[PDB]
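A.B. asks: The structure under discussion is supplied below as C-alpha cells; questions concerning it will follow.
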2 protein chains.
Amino acid sequence: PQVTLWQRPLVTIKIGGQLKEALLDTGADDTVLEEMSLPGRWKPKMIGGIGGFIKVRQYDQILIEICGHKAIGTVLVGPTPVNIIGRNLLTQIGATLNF
Amino acid sequence: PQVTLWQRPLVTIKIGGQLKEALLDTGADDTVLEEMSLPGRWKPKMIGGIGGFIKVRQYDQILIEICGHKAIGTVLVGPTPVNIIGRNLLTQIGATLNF
Ligand SMILES: O=C(Nc1nccs1)c1cccc(CN2C(=O)N(CC3CC3)[C@H](Cc3ccccc3)[C@H](O)[C@@H](O)[C@H]2Cc2ccccc2)c1
C-alpha cells in the first residue's frame, strides 16, 4: 500500500519483540536502528553519511516485521538519530520508487 | 519510471547548466549537493545527518531538471559525499514510494 513523500515515510517495525517506528530510506544501503538490545552477537562495522561516521554493531539474520511483512537481513544498531530501513531490507518487502 | 532498489536509485539531474547524478532519497528532507557554482545569494545553514552536522549554503529558487522533469526548489550546497534529492523535490515530481 503506497506512500507519498509529503510526510516522512514512517512505518512501524517489530524487531525482537519491540515496536518502533522507522524511516524508509531509499538512499541508505543499510538499515541502522537506534540503540536497543538484540539477541545474538555482532561485530563492529562503521558507517557513514553526511556528518561523518558512526560505529555500529552488526547482526545478521535478524527478523524484522515491517507493517506485517517479514524480512530477514542485517541490522546495525548504533547511535543513529532516526531508525532507518535501507535498501537491504527495502528490497525484501518489494519496495519501488515510482515516478 | 519505476526504480527498484536493488541498485542505487541514481538519477541524472541538470542544475544550473551542470549535469550531475544524484541519489533519490526518501529519507532526506532537503536536497543537498556537493559544492557547485549556482547563481549567487544564499542563507547560511546547517543540516543533521549521521555522524554530525554539516554546514551548507541555502540557495532558493533553483530550477533543476530531474531525470527529464523539472521542479523549482531550495537546494543546499555543501560538502556532502553524495548528492541527495530529497523529499522537498521528490514531492514535486510526484514520486511515490510503493509497496
Ligand atoms: O534534511 C536533512 N537534514 C535536516 N536537518 C535539519 C533540518 S533538515 C538531511 C538531508 C540529507 C541527508 C541527511 C542524512 N542522511 C544520511 O546521512 N544518510 C546516511 C545513511 C547511512 C544512513 C543517508 C544519505 C547518505 C547516503 C550515503 C552517503 C551519505 C549520505 C540517508 O539515505 C538519508 O536519508 C539521511 C538519513 C537521515 C535523515 C534524517 C535524519 C537523520 C538521518 C539529512
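Quick note on naming: the chains in the C-alpha cells go A, B, ... in the order shown, residues restart at 1 in each chain, and ligands are numbered from 1 in order of appearance.
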Please identify the residues whose atoms come within 6 Å of ligand 1, using only C-alpha atoms and all ligand atoms, and report them as a list in words.

C.D. replies: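 Residues lying within 6 Å of ligand 1: residues 25, 27, 28, 48, 49, 50, 81 and 82 of chain A; 25, 27, 28, 29, 30, 32, 47, 48, 49, 50, 81 and 82 of chain B.
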
A.B. asks: Which residues of chain A sit at most 10 Å from chain B, using only C-alpha atoms? Give each one's shortest atom pair and distance in Å (one decimal place), in chain and ascending residue order, as JSON lines.

C.D. replies:
```
{"residue": "A:1", "atom": "CA", "partner": "B:99", "partner_atom": "CA", "distance": 5.2}
{"residue": "A:2", "atom": "CA", "partner": "B:98", "partner_atom": "CA", "distance": 4.3}
{"residue": "A:3", "atom": "CA", "partner": "B:97", "partner_atom": "CA", "distance": 5.1}
{"residue": "A:4", "atom": "CA", "partner": "B:96", "partner_atom": "CA", "distance": 4.9}
{"residue": "A:5", "atom": "CA", "partner": "B:91", "partner_atom": "CA", "distance": 5.8}
{"residue": "A:6", "atom": "CA", "partner": "B:91", "partner_atom": "CA", "distance": 6.2}
{"residue": "A:7", "atom": "CA", "partner": "B:87", "partner_atom": "CA", "distance": 8.5}
{"residue": "A:8", "atom": "CA", "partner": "B:27", "partner_atom": "CA", "distance": 7.1}
{"residue": "A:9", "atom": "CA", "partner": "B:26", "partner_atom": "CA", "distance": 7.5}
{"residue": "A:10", "atom": "CA", "partner": "B:27", "partner_atom": "CA", "distance": 9.4}
{"residue": "A:23", "atom": "CA", "partner": "B:27", "partner_atom": "CA", "distance": 6.4}
{"residue": "A:24", "atom": "CA", "partner": "B:27", "partner_atom": "CA", "distance": 6.2}
{"residue": "A:25", "atom": "CA", "partner": "B:27", "partner_atom": "CA", "distance": 4.4}
{"residue": "A:26", "atom": "CA", "partner": "B:25", "partner_atom": "CA", "distance": 5.2}
{"residue": "A:27", "atom": "CA", "partner": "B:25", "partner_atom": "CA", "distance": 4.3}
{"residue": "A:28", "atom": "CA", "partner": "B:25", "partner_atom": "CA", "distance": 7.8}
{"residue": "A:29", "atom": "CA", "partner": "B:8", "partner_atom": "CA", "distance": 7.9}
{"residue": "A:47", "atom": "CA", "partner": "B:50", "partner_atom": "CA", "distance": 8.6}
{"residue": "A:48", "atom": "CA", "partner": "B:50", "partner_atom": "CA", "distance": 6.5}
{"residue": "A:49", "atom": "CA", "partner": "B:50", "partner_atom": "CA", "distance": 5.3}
{"residue": "A:50", "atom": "CA", "partner": "B:49", "partner_atom": "CA", "distance": 5.0}
{"residue": "A:51", "atom": "CA", "partner": "B:52", "partner_atom": "CA", "distance": 3.9}
{"residue": "A:52", "atom": "CA", "partner": "B:51", "partner_atom": "CA", "distance": 4.2}
{"residue": "A:53", "atom": "CA", "partner": "B:51", "partner_atom": "CA", "distance": 4.7}
{"residue": "A:54", "atom": "CA", "partner": "B:51", "partner_atom": "CA", "distance": 5.5}
{"residue": "A:55", "atom": "CA", "partner": "B:51", "partner_atom": "CA", "distance": 9.3}
{"residue": "A:79", "atom": "CA", "partner": "B:50", "partner_atom": "CA", "distance": 8.4}
{"residue": "A:80", "atom": "CA", "partner": "B:50", "partner_atom": "CA", "distance": 6.3}
{"residue": "A:81", "atom": "CA", "partner": "B:50", "partner_atom": "CA", "distance": 7.2}
{"residue": "A:82", "atom": "CA", "partner": "B:50", "partner_atom": "CA", "distance": 8.8}
{"residue": "A:84", "atom": "CA", "partner": "B:27", "partner_atom": "CA", "distance": 8.1}
{"residue": "A:85", "atom": "CA", "partner": "B:27", "partner_atom": "CA", "distance": 9.2}
{"residue": "A:86", "atom": "CA", "partner": "B:27", "partner_atom": "CA", "distance": 9.2}
{"residue": "A:87", "atom": "CA", "partner": "B:5", "partner_atom": "CA", "distance": 6.0}
{"residue": "A:88", "atom": "CA", "partner": "B:6", "partner_atom": "CA", "distance": 8.0}
{"residue": "A:89", "atom": "CA", "partner": "B:5", "partner_atom": "CA", "distance": 9.7}
{"residue": "A:90", "atom": "CA", "partner": "B:5", "partner_atom": "CA", "distance": 7.1}
{"residue": "A:91", "atom": "CA", "partner": "B:5", "partner_atom": "CA", "distance": 6.0}
{"residue": "A:92", "atom": "CA", "partner": "B:6", "partner_atom": "CA", "distance": 9.5}
{"residue": "A:93", "atom": "CA", "partner": "B:99", "partner_atom": "CA", "distance": 7.3}
{"residue": "A:94", "atom": "CA", "partner": "B:99", "partner_atom": "CA", "distance": 6.3}
{"residue": "A:95", "atom": "CA", "partner": "B:99", "partner_atom": "CA", "distance": 5.0}
{"residue": "A:96", "atom": "CA", "partner": "B:4", "partner_atom": "CA", "distance": 4.9}
{"residue": "A:97", "atom": "CA", "partner": "B:97", "partner_atom": "CA", "distance": 4.8}
{"residue": "A:98", "atom": "CA", "partner": "B:2", "partner_atom": "CA", "distance": 4.4}
{"residue": "A:99", "atom": "CA", "partner": "B:95", "partner_atom": "CA", "distance": 4.5}
```

A.B. asks: What does chain A look like once superposed on chain B, all Cα atoms paired in sequence order, least squares? Give it as a tab-separated table (two decimals) with N, CA and C atoms, in the first residue's frame.

C.D. replies:
```
chain	number	residue	atom	x	y	z
A	1	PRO	N	8.69	6.61	-14.56
A	1	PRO	CA	9.16	5.26	-14.86
A	1	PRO	C	9.88	4.76	-13.63
A	2	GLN	N	9.56	3.53	-13.23
A	2	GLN	CA	9.78	3.14	-11.84
A	2	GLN	C	11.15	2.56	-11.59
A	3	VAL	N	11.57	2.48	-10.33
A	3	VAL	CA	12.95	2.07	-10.04
A	3	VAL	C	12.98	1.14	-8.84
A	4	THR	N	13.66	-0.02	-8.99
A	4	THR	CA	13.79	-0.92	-7.83
A	4	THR	C	15.05	-0.62	-7.04
A	5	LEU	N	14.95	-0.92	-5.76
A	5	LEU	CA	15.99	-0.45	-4.86
A	5	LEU	C	17.11	-1.42	-4.71
A	6	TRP	N	17.30	-2.20	-5.77
A	6	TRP	CA	18.43	-3.14	-5.80
A	6	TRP	C	19.68	-2.41	-6.14
A	7	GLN	N	19.50	-1.30	-6.82
A	7	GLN	CA	20.70	-0.51	-7.02
A	7	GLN	C	20.50	0.77	-6.27
A	8	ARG	N	21.56	1.57	-6.17
A	8	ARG	CA	21.30	2.89	-5.58
A	8	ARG	C	20.48	3.63	-6.59
A	9	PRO	N	19.34	4.19	-6.22
A	9	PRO	CA	18.56	4.89	-7.24
A	9	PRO	C	19.19	6.22	-7.59
A	10	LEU	N	20.08	6.15	-8.55
A	10	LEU	CA	20.66	7.35	-9.10
A	10	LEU	C	19.97	7.78	-10.36
A	11	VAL	N	19.77	9.09	-10.51
A	11	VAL	CA	19.34	9.66	-11.79
A	11	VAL	C	20.16	10.89	-12.05
A	12	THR	N	20.02	11.43	-13.24
A	12	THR	CA	20.82	12.59	-13.60
A	12	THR	C	20.08	13.90	-13.37
A	13	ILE	N	20.79	14.86	-12.82
A	13	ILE	CA	20.19	16.17	-12.70
A	13	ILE	C	20.81	17.02	-13.75
A	14	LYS	N	20.07	18.06	-14.10
A	14	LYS	CA	20.73	19.21	-14.66
A	14	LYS	C	20.49	20.33	-13.68
A	15	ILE	N	21.55	20.83	-13.10
A	15	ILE	CA	21.32	22.03	-12.29
A	15	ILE	C	22.27	23.09	-12.75
A	16	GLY	N	21.71	24.25	-12.97
A	16	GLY	CA	22.55	25.38	-13.36
A	16	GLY	C	23.44	25.18	-14.56
A	17	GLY	N	22.95	24.42	-15.53
A	17	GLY	CA	23.78	24.15	-16.70
A	17	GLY	C	24.70	22.97	-16.59
A	18	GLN	N	24.73	22.32	-15.42
A	18	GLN	CA	25.68	21.23	-15.19
A	18	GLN	C	24.92	19.96	-15.01
A	19	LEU	N	25.61	18.86	-15.24
A	19	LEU	CA	25.00	17.54	-15.28
A	19	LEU	C	25.61	16.69	-14.19
A	20	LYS	N	24.83	16.17	-13.27
A	20	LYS	CA	25.43	15.37	-12.19
A	20	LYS	C	24.52	14.24	-11.95
A	21	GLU	N	24.97	13.21	-11.26
A	21	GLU	CA	24.04	12.15	-10.87
A	21	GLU	C	23.65	12.41	-9.45
A	22	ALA	N	22.53	11.88	-9.04
A	22	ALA	CA	22.13	12.20	-7.68
A	22	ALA	C	21.34	11.08	-7.08
A	23	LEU	N	21.39	10.96	-5.77
A	23	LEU	CA	20.67	9.88	-5.09
A	23	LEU	C	19.27	10.32	-4.72
A	24	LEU	N	18.28	9.53	-5.07
A	24	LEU	CA	16.92	9.83	-4.65
A	24	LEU	C	16.71	9.33	-3.25
A	25	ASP	N	16.44	10.26	-2.39
A	25	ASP	CA	16.61	9.92	-0.99
A	25	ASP	C	15.38	10.19	-0.16
A	26	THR	N	14.44	9.26	-0.18
A	26	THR	CA	13.18	9.46	0.53
A	26	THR	C	13.26	9.71	2.02
A	27	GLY	N	14.44	9.48	2.58
A	27	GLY	CA	14.57	9.75	4.00
A	27	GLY	C	15.12	11.12	4.33
A	28	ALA	N	15.47	11.86	3.28
A	28	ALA	CA	16.01	13.18	3.54
A	28	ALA	C	14.95	14.23	3.35
A	29	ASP	N	14.89	15.16	4.28
A	29	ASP	CA	13.91	16.24	4.16
A	29	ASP	C	14.21	17.20	3.04
A	30	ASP	N	15.51	17.33	2.79
A	30	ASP	CA	16.03	18.40	1.93
A	30	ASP	C	17.01	17.85	0.92
A	31	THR	N	17.42	18.68	0.00
A	31	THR	CA	18.27	18.27	-1.12
A	31	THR	C	19.58	18.92	-0.89
A	32	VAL	N	20.62	18.14	-0.86
A	32	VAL	CA	21.94	18.71	-0.60
A	32	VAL	C	22.89	18.14	-1.62
A	33	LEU	N	23.54	19.05	-2.27
A	33	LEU	CA	24.35	18.64	-3.37
A	33	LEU	C	25.72	19.02	-2.96
A	34	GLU	N	26.66	18.52	-3.75
A	34	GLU	CA	28.04	18.84	-3.41
A	34	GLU	C	28.36	20.28	-3.63
A	35	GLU	N	29.63	20.58	-3.50
A	35	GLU	CA	30.08	21.93	-3.76
A	35	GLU	C	30.21	22.14	-5.24
A	36	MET	N	29.48	23.12	-5.76
A	36	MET	CA	29.67	23.66	-7.10
A	36	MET	C	29.01	25.04	-7.07
A	37	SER	N	29.30	25.90	-8.03
A	37	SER	CA	28.72	27.24	-7.87
A	37	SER	C	27.31	27.27	-8.39
A	38	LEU	N	26.51	28.21	-7.92
A	38	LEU	CA	25.14	28.28	-8.41
A	38	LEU	C	24.78	29.73	-8.41
A	39	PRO	N	24.17	30.19	-9.48
A	39	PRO	CA	23.90	31.62	-9.52
A	39	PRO	C	22.88	32.03	-8.48
A	40	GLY	N	23.29	32.95	-7.66
A	40	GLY	CA	22.30	33.53	-6.78
A	40	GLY	C	23.04	33.75	-5.50
A	41	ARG	N	22.28	34.04	-4.45
A	41	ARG	CA	22.93	34.10	-3.16
A	41	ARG	C	22.11	33.31	-2.19
A	42	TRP	N	22.74	33.15	-1.06
A	42	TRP	CA	22.44	32.05	-0.17
A	42	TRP	C	22.47	32.62	1.22
A	43	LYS	N	22.07	31.82	2.18
A	43	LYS	CA	22.46	32.09	3.56
A	43	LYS	C	22.95	30.75	4.05
A	44	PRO	N	23.68	30.71	5.16
A	44	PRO	CA	23.93	29.43	5.84
A	44	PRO	C	22.67	28.75	6.36
A	45	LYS	N	22.68	27.43	6.25
A	45	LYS	CA	21.87	26.67	7.19
A	45	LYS	C	22.82	25.60	7.64
A	46	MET	N	22.32	24.67	8.42
A	46	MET	CA	23.19	23.72	9.07
A	46	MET	C	22.41	22.47	9.00
A	47	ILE	N	22.99	21.42	8.48
A	47	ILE	CA	22.13	20.25	8.43
A	47	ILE	C	22.82	19.12	9.11
A	48	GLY	N	22.03	18.13	9.41
A	48	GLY	CA	22.69	17.01	10.03
A	48	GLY	C	22.12	15.72	9.55
A	49	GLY	N	22.77	14.70	10.01
A	49	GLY	CA	22.41	13.36	9.65
A	49	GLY	C	23.12	12.46	10.60
A	50	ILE	N	23.27	11.24	10.16
A	50	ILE	CA	24.17	10.35	10.88
A	50	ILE	C	25.55	10.89	10.66
A	51	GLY	N	26.30	10.94	11.74
A	51	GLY	CA	27.61	11.57	11.61
A	51	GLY	C	27.68	12.95	12.23
A	52	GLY	N	26.56	13.65	12.23
A	52	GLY	CA	26.69	14.99	12.78
A	52	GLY	C	26.21	16.04	11.81
A	53	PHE	N	27.04	17.07	11.66
A	53	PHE	CA	26.47	18.30	11.15
A	53	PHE	C	27.35	19.01	10.17
A	54	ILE	N	26.78	19.24	9.02
A	54	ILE	CA	27.57	20.04	8.11
A	54	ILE	C	26.93	21.40	7.96
A	55	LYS	N	27.68	22.29	7.34
A	55	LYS	CA	27.21	23.66	7.20
A	55	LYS	C	27.04	23.77	5.72
A	56	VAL	N	25.91	24.28	5.27
A	56	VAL	CA	25.66	24.29	3.83
A	56	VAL	C	25.14	25.65	3.49
A	57	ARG	N	25.04	25.93	2.21
A	57	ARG	CA	24.59	27.26	1.83
A	57	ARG	C	23.33	27.10	1.08
A	58	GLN	N	22.32	27.86	1.46
A	58	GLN	CA	21.04	27.52	0.87
A	58	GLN	C	20.56	28.54	-0.08
A	59	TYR	N	20.02	28.02	-1.17
A	59	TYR	CA	19.53	28.86	-2.24
A	59	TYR	C	18.13	28.39	-2.50
A	60	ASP	N	17.26	29.35	-2.70
A	60	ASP	CA	15.88	28.97	-2.93
A	60	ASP	C	15.65	29.34	-4.35
A	61	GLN	N	14.57	28.80	-4.89
A	61	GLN	CA	14.18	29.11	-6.26
A	61	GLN	C	15.14	28.60	-7.30
A	62	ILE	N	15.69	27.45	-6.98
A	62	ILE	CA	16.56	26.83	-7.97
A	62	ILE	C	15.81	25.82	-8.78
A	63	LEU	N	15.97	25.96	-10.08
A	63	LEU	CA	15.45	25.00	-11.04
A	63	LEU	C	16.35	23.81	-11.04
A	64	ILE	N	15.77	22.63	-10.92
A	64	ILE	CA	16.55	21.45	-11.28
A	64	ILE	C	15.76	20.67	-12.30
A	65	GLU	N	16.48	20.09	-13.24
A	65	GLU	CA	15.81	19.18	-14.16
A	65	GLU	C	16.21	17.74	-13.88
A	66	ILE	N	15.27	16.95	-13.43
A	66	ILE	CA	15.61	15.60	-12.99
A	66	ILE	C	15.04	14.67	-14.01
A	67	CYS	N	15.87	13.82	-14.60
A	67	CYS	CA	15.50	13.20	-15.89
A	67	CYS	C	15.11	14.30	-16.92
A	68	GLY	N	13.81	14.53	-17.06
A	68	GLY	CA	13.35	15.64	-17.89
A	68	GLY	C	12.10	16.19	-17.24
A	69	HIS	N	12.19	16.18	-15.90
A	69	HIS	CA	11.15	16.75	-15.06
A	69	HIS	C	11.74	18.00	-14.48
A	70	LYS	N	11.01	19.10	-14.55
A	70	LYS	CA	11.60	20.30	-13.97
A	70	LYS	C	11.01	20.57	-12.61
A	71	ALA	N	11.82	21.06	-11.69
A	71	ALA	CA	11.32	21.26	-10.35
A	71	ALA	C	11.98	22.52	-9.89
A	72	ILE	N	11.37	23.19	-8.92
A	72	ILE	CA	11.97	24.41	-8.37
A	72	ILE	C	11.89	24.37	-6.86
A	73	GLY	N	13.02	24.54	-6.20
A	73	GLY	CA	12.98	24.38	-4.75
A	73	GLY	C	14.25	24.89	-4.14
A	74	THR	N	14.40	24.61	-2.85
A	74	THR	CA	15.67	24.89	-2.21
A	74	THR	C	16.73	23.90	-2.63
A	75	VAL	N	17.97	24.34	-2.80
A	75	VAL	CA	19.02	23.33	-2.72
A	75	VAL	C	20.05	23.83	-1.77
A	76	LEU	N	20.77	22.88	-1.21
A	76	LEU	CA	21.75	23.20	-0.19
A	76	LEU	C	23.01	22.70	-0.79
A	77	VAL	N	24.01	23.52	-0.77
A	77	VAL	CA	25.23	22.96	-1.32
A	77	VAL	C	26.24	22.91	-0.22
A	78	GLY	N	26.95	21.82	-0.14
A	78	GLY	CA	27.97	21.80	0.88
A	78	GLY	C	28.74	20.55	0.71
A	79	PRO	N	29.51	20.22	1.72
A	79	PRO	CA	30.32	19.00	1.63
A	79	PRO	C	29.51	17.74	1.83
A	80	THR	N	28.55	17.49	0.96
A	80	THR	CA	27.99	16.16	1.12
A	80	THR	C	28.87	15.24	0.31
A	81	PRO	N	29.08	14.03	0.81
A	81	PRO	CA	29.66	12.99	-0.03
A	81	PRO	C	28.84	12.63	-1.27
A	82	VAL	N	27.52	12.77	-1.18
A	82	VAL	CA	26.73	12.22	-2.27
A	82	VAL	C	25.76	13.32	-2.61
A	83	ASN	N	25.40	13.47	-3.87
A	83	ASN	CA	24.33	14.44	-4.16
A	83	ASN	C	23.03	13.80	-3.82
A	84	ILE	N	22.19	14.52	-3.11
A	84	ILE	CA	20.97	13.89	-2.63
A	84	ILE	C	19.77	14.69	-3.05
A	85	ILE	N	18.81	14.01	-3.63
A	85	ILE	CA	17.50	14.62	-3.84
A	85	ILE	C	16.54	14.17	-2.76
A	86	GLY	N	16.01	15.12	-2.00
A	86	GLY	CA	15.20	14.78	-0.83
A	86	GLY	C	13.77	15.16	-1.07
A	87	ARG	N	12.94	14.86	-0.09
A	87	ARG	CA	11.49	15.02	-0.25
A	87	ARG	C	11.02	16.36	-0.78
A	88	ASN	N	11.76	17.40	-0.45
A	88	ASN	CA	11.27	18.68	-0.95
A	88	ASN	C	11.21	18.73	-2.42
A	89	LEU	N	12.15	18.05	-3.07
A	89	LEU	CA	11.93	18.02	-4.51
A	89	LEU	C	11.20	16.79	-4.92
A	90	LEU	N	11.48	15.73	-4.18
A	90	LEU	CA	10.81	14.48	-4.51
A	90	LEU	C	9.30	14.62	-4.63
A	91	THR	N	8.73	15.46	-3.78
A	91	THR	CA	7.30	15.68	-3.94
A	91	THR	C	6.90	16.33	-5.25
A	92	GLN	N	7.78	17.17	-5.78
A	92	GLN	CA	7.40	17.86	-7.00
A	92	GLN	C	7.41	16.99	-8.23
A	93	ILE	N	8.34	16.05	-8.29
A	93	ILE	CA	8.21	15.14	-9.42
A	93	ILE	C	7.17	14.07	-9.20
A	94	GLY	N	6.52	14.09	-8.04
A	94	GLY	CA	5.45	13.12	-7.81
A	94	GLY	C	5.89	11.72	-7.45
A	95	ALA	N	6.99	11.65	-6.72
A	95	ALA	CA	7.55	10.34	-6.45
A	95	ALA	C	6.89	9.64	-5.28
A	96	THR	N	6.44	8.39	-5.49
A	96	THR	CA	5.84	7.58	-4.42
A	96	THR	C	6.69	6.40	-4.03
A	97	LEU	N	6.39	5.87	-2.88
A	97	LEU	CA	7.08	4.64	-2.50
A	97	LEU	C	6.00	3.60	-2.45
A	98	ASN	N	6.15	2.55	-3.23
A	98	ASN	CA	5.02	1.61	-3.30
A	98	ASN	C	5.50	0.28	-2.81
A	99	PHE	N	4.76	-0.27	-1.87
A	99	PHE	CA	5.02	-1.60	-1.33
A	99	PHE	C	3.75	-2.04	-0.63
```

A.B. asks: Could you pull out the strand (DSSP E or B) residues of chain A, going by DSSP on the backbone, and write them as an mmCIF file with C-alpha atoms, in the first residue's frame?

C.D. replies:
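Below you can see out_39.cif, which holds the result:
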```cif
data_model
loop_
_atom_site.group_PDB
_atom_site.id
_atom_site.type_symbol
_atom_site.label_atom_id
_atom_site.label_comp_id
_atom_site.auth_asym_id
_atom_site.auth_seq_id
_atom_site.Cartn_x
_atom_site.Cartn_y
_atom_site.Cartn_z
ATOM 1 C CA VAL A 3 3.023 6.195 0.394
ATOM 2 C CA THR A 4 3.539 9.792 -0.768
ATOM 3 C CA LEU A 10 7.439 6.242 8.692
ATOM 4 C CA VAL A 11 6.102 2.763 9.353
ATOM 5 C CA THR A 12 6.203 0.517 12.351
ATOM 6 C CA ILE A 13 8.675 -2.252 12.842
ATOM 7 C CA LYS A 14 8.569 -5.112 15.128
ATOM 8 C CA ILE A 15 12.077 -6.120 15.882
ATOM 9 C CA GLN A 18 9.744 -4.440 20.328
ATOM 10 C CA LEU A 19 7.747 -1.925 18.379
ATOM 11 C CA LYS A 20 9.371 1.153 16.874
ATOM 12 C CA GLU A 21 8.733 3.489 14.015
ATOM 13 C CA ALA A 22 11.249 3.719 11.286
ATOM 14 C CA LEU A 23 12.138 5.794 8.268
ATOM 15 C CA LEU A 24 12.015 4.145 4.874
ATOM 16 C CA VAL A 32 20.539 1.221 11.131
ATOM 17 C CA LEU A 33 18.430 1.420 14.135
ATOM 18 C CA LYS A 43 30.832 -7.392 15.174
ATOM 19 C CA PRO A 44 31.656 -3.724 14.653
ATOM 20 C CA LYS A 45 31.179 -2.065 11.382
ATOM 21 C CA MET A 46 31.490 1.608 10.758
ATOM 22 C CA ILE A 47 29.082 3.545 8.758
ATOM 23 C CA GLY A 48 28.916 6.962 7.470
ATOM 24 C CA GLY A 49 26.733 9.536 5.986
ATOM 25 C CA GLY A 51 28.184 14.248 9.108
ATOM 26 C CA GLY A 52 30.780 11.567 9.201
ATOM 27 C CA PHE A 53 30.993 8.253 10.824
ATOM 28 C CA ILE A 54 29.391 6.277 13.470
ATOM 29 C CA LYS A 55 30.362 2.928 14.833
ATOM 30 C CA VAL A 56 27.590 0.391 14.898
ATOM 31 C CA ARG A 57 27.217 -3.225 15.794
ATOM 32 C CA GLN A 58 26.076 -5.547 13.171
ATOM 33 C CA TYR A 59 23.879 -8.520 13.446
ATOM 34 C CA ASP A 60 22.877 -10.681 10.588
ATOM 35 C CA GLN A 61 19.873 -12.890 10.324
ATOM 36 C CA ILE A 62 17.571 -10.588 12.102
ATOM 37 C CA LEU A 63 13.890 -10.864 11.518
ATOM 38 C CA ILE A 64 12.060 -7.643 11.208
ATOM 39 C CA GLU A 65 8.361 -7.330 10.710
ATOM 40 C CA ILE A 66 7.555 -4.181 8.795
ATOM 41 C CA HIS A 69 5.789 -8.076 6.107
ATOM 42 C CA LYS A 70 8.545 -10.210 7.447
ATOM 43 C CA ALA A 71 12.103 -9.723 6.322
ATOM 44 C CA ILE A 72 15.443 -11.115 7.379
ATOM 45 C CA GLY A 73 18.660 -9.210 6.993
ATOM 46 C CA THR A 74 21.445 -7.317 8.625
ATOM 47 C CA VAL A 75 20.646 -4.638 11.088
ATOM 48 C CA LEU A 76 23.100 -2.221 12.522
ATOM 49 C CA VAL A 77 22.457 -0.741 15.807
ATOM 50 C CA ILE A 84 16.278 3.743 9.182
ATOM 51 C CA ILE A 85 15.160 0.992 6.890
ATOM 52 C CA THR A 96 9.691 0.512 -5.585
ATOM 53 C CA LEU A 97 10.035 4.152 -6.290
ATOM 54 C CA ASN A 98 7.581 5.204 -8.924
#
```

A.B. asks: Using DSSP on the backbone coordinates, identify all residues within chain A classified as alpha helix (DSSP H); present the result as a PyMOL selection string.

C.D. replies: chain A and resi 87-90
